[PDB]
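Below is one structure, written out as structure tokens; comments come after it.
Note that we place each Cβ from the backbone using ideal geometry, even for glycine, and neighbour counts take in every protein chain shown. No value in this document is a laboratory result; all are computed from the given coordinates.
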Amino acid sequence: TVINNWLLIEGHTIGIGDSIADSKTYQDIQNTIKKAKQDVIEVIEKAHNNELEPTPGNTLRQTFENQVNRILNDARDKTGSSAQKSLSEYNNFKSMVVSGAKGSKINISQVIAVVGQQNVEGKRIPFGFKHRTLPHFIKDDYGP
Amino acid sequence: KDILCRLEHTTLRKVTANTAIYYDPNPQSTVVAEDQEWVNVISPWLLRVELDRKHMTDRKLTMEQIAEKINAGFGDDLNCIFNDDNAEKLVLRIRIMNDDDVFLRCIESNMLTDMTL
Amino acid sequence: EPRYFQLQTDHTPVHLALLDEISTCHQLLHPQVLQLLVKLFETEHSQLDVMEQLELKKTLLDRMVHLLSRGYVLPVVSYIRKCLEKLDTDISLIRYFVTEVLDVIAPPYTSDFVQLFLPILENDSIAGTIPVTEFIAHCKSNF
Amino acid sequence: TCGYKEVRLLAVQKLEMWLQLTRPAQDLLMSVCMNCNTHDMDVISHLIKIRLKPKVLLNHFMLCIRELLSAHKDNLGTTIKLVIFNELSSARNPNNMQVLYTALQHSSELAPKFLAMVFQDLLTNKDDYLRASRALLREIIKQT
Amino acid sequence: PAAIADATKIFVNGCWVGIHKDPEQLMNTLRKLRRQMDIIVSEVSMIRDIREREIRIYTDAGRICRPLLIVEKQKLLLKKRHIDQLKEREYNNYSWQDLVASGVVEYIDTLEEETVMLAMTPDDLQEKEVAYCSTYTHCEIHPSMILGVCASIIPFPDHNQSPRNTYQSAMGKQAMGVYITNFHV
Amino acid sequence: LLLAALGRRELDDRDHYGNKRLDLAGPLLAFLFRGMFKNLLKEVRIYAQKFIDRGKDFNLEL
Amino acid sequence: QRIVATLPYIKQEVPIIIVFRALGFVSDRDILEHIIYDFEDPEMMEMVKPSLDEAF
Amino acid sequence: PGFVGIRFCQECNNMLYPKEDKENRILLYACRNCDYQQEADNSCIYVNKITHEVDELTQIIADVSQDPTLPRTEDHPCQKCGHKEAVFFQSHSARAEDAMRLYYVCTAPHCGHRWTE
Ligand SMILES: [Zn+2]
Ligand SMILES: [Zn+2]
């Protein structure tokens, strides 16, 4: 009762302005995503030129998938941290997260920085077509 | 890793590179032309298996253990010989000590599937 | 910086080769090289596979072997002695260090190097598994 | 390798399908135009309207079609009548506006009178054809 | 049977009807016949498996297909004249069927979509960049066409989490409005 | 089957919509019409067999 | 690794070479020419060894 | 060694089965439904490539150069004919979802040369 009737004075909202970041944070997110895509391209090139030595305990496919997932997870974590550092005290996503009432830091990172990797049964999106995820890609495309 | 190899199940399915049956009625002149004086040291049919270095050295196995396991599992009916540890060609030859072709096929299936090194 | 070796695909990182060239060109930077190498060797990388951690330790130990071959001998063997008994490092790493050292060194040897390298080769967890016979024969006949 | 001397045609469809053999197609079309210039409009007027497909590749053939339409008299009158009657049979090709443009480009009191006669014949036919004639006139005006 | 190995098997509605020794020009001819509304109707699926030599032609019912623009030499076959004719759709009686009969759009089903190199937008058809591909065969008419009736009501559905789009597709069937104009009778 | 065992051909996907057909109103009503026309013919046999044992002609409307 | 055929309105599984000989091809060149189109591939010949052996 | 195929009878044209005779010490290929026998040109009665490192370049046909869904490179010219454009792809065999080795096919229709970088 006391907290609701004080909230009548203080108020609590959420809107578009809580979902945006400044231009510097957007440049950091885009730089991290570009760096990650370049790293995945380099790992693809290394596996394609047979310069990728497999890790012990798994074949070339599993070590390539592990390297790609490591790069994409590192990108997701870095972009999430960069989005979290841009939040002000007045941010309402942060207000609901750090009160524990609703949401998480992952939700803020997905709204602001990057949604991330979509998974089906613990792996990336499978080649439902003939060596393609969709007909808009080339065959044997293992990129992000 | 030594205990891991002592625990993990290993047959010839996971250690040989390719197996082949030939016809060698005269062991003094073998059809593969690979050290017939070693072949000097009874059925005309032989079972010739070939191993690979990587799977042999992963389990740290040697041909003496495999040959003794073959002899223990099959009695005196099978004669196994082995050489070329330093010649980069991992070969064991198995003959029959006294229609035989189906028997070699059956014992080859048994060696590759149903006996444990 | 954490999550660096996790993002390295090659067997040996290029910066470790930069350390190798630093040790090759100059000898005054050898304590700094060894300090960085023991900092990385003592670091636990929980984000890597256990075999990936083991081969990373082997790579750092290869850099240590190069540092030993470039004249900075006694502190490296002292660190391996420290790692053997009063530290819980992998005995396979110590055996790999002994194998790498004994494949590049030839007689004669000094008294200090023999006195510092003999106890790690007679620790009952190294000598039995692990040429080394020529080295122990030379150490027995000379020292 | 001959012109006319038959009732139906077989090399017209072969040269049309083989066109993308493009050099002999022009020679075959020129031979057919020279044979039909003397005119024999009972079957050589509807079968002469071969289905085209290339515009940029067959711009030279479209230009030579203007010389093929210069035979005049019956060879132009029956061709214009067939081109007018082709609109009632769902002429879904480039021969409904570009082929009629060659007659329109050579409208030296020939295409106008023939078009007026075709409009009078269409009006004298069954009803619900004034909209088709108006659409054809609008398309001829906008295309030319 | 010695000629089977080099030639391409041809299946019509799953029935092996023979072999062809020149499958590329045969598939070009079959495509040219289908684009021109010839004896091959527009809903006939013609799939050429290239890695293993087969050509499958499907004619039966039940095949789910969608229209796609046709891309040749990194250029749309759809030109400004088709759009200009479609603008006065009720005037010159130019329709969707005339757009199909012009060889501009064609219906690609799922099996034929395996063999289709497809552009999402005509902005993918630019040779100035590396362009990621230069052998595009088809283009999307619009990428939003993948949604159904209920999902097309969602404004900005690409800015929502996907289960919320699913929930809205469920609850748009429960909304109140005027369900039909003749509800009085 | 051999190419699948050799591995030269990938195994077929059951959920691939190229391997699936949609039975619309037409095919479903055609299946029903096949069953019911077979039934209608069957009682035409029944009626004609009942009326042919007496040697009398039978009306098709009946 | 024998190849078998499950037939409609037959309860028990039927070897494929028996079906091929039942179609009117009493040979092995005919059946294997219908099955294997390339004689320079001996691996398919190895995998059709046991069906012919069981259909002896 | 190498894989052994089917060799066929001459009269009934069935497959020739291997048979052993006790007089000549040579392998015989006897068809056992019309007793036709044949001399054995090879002693390899049966081989089994169990590692089956198959040559994927043999399994690739040159027709895939005109697949529109395959990517292209101008950076790997054809060794046989010098054409710069070539398609590339990975192997699709069941034994090859453990490597990402590229296989190239020349785009030029005359040669269709396939290789591996
Ligand atoms: Zn025979
Ligand atoms: Zn070439």
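Descriptive notes on the structure:
- Close contacts from segment C:6-21, counting a first residue that is within 7 Å of chain A (Cβ to nearest Cβ) and a second that is of a type in the set (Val, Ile, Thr), with Cβ to Cβ under 6 Å and a gap of 6+ residues or different chains, come to C:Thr9/A:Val43.
- Residues satisfying the stated conditions in segment H:79-93, i.e. among the small types (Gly, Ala, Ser) and either within 16 Å of ligand 1 (Cβ to nearest atom) or more than 14 Å from chain F (Cβ to nearest Cβ) (or both): H:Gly82, H:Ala86
- H:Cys111 touching a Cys at 6+ places or on another chain (Cβ under 7 Å), away from ligand 1 (no atom under 16 Å from the Cβ) and assigned to a loop (DSSP other than H, G, I, E, B): yes
- The residues of segment G:31-41 that are surrounded by 15 or more Cβ atoms within 10 Å (Cβ to Cβ), within 8 Å of another protein chain (Cβ to nearest Cβ) and outside any loop (DSSP other than H, G, I, E, B), listed by number, are G:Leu32, G:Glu33, G:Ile35.
- If you go through segment E:1-35 and pick out every residue that is among the aliphatic types (A, V, I, L, M) and either facing another protein chain (nearest Cβ under 9 Å) or farther than 22 Å from E:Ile108 by Cβ (or both), you end up with 7.
- Restricting attention to segment A:100-118, the residues that are under 22 Å from A:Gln38 (Cα atoms), within 13 Å of another protein chain (Cβ to nearest Cβ) and in a loop (DSSP other than H, G, I, E, B) add up to 3.
- Some residue of segment G:6-24 being hydroxyl-bearing (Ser, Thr, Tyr) and at the interface with another protein chain (Cβ under 10 Å from one of its Cβ atoms): no
- Flag if D:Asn86 is polar (S, T, N, Q), under 16 Å from the mean Cα position of the chain (by Cα) and surrounded by fewer than 17 Cβ atoms within 10 Å (Cβ to Cβ): no
- Flag if H:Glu39 is among the acidic types (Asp, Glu) and within 16 Å of ligand 2 (Cβ to nearest atom): no
- Every condition in (1) under 17 Å from the mean Cα position of the chain (by Cα); (2) in a loop (DSSP other than H, G, I, E, B); (3) within 14 Å of chain F (Cβ to nearest Cβ) is met by E:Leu111 except one, and the failing one is (2).
- Matching helices (runs of 4 or more DSSP H) fully within segment D:56-144 where at least 1 residues are among the hydrophobic types (A, V, I, L, M, F, W, C) and in contact with a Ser or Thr (Cβ under 9 Å, 6 or more places away or on another chain): D:59-68, D:74-85, D:98-105, D:111-124
Listed here are the residues, each with its yes/no results for (1) closer than 21 Å to B:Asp2 by Cβ; (2) part of a loop (DSSP other than H, G, I, E, B); (3) aromatic (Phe, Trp, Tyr).
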{"position": "C:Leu67", "(1), (2), (3)": "no, no, no"}
{"position": "C:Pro75", "(1), (2), (3)": "no, no, no"}
{"position": "C:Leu87", "(1), (2), (3)": "no, yes, no"}
{"position": "C:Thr99", "(1), (2), (3)": "yes, no, no"}
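- Taking the listed residues A:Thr55, A:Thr32, A:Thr63, A:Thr13, the one that is part of a loop (DSSP other than H, G, I, E, B) and under 19 Å from C:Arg3 (Cα atoms) is A:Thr55, with no other qualifying.
Okay, residues lined up against (1) surrounded by 14 or more Cβ atoms within 10 Å (Cβ to Cβ); (2) within 16 Å of ligand 1 (Cβ to nearest atom); (3) more than 9 Å from chain G (Cβ to nearest Cβ); (4) within 19 Å of B:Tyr22 (Cα to Cα):
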| residue | (1), (2), (3), (4) |
| --- | --- |
| H:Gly5 | yes, no, no, yes |
| H:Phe8 | yes, yes, no, no |
| H:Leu16 | yes, yes, yes, yes |
| H:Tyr29 | yes, yes, yes, yes |
| H:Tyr36 | yes, yes, yes, no |
| H:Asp41 | no, no, yes, yes |
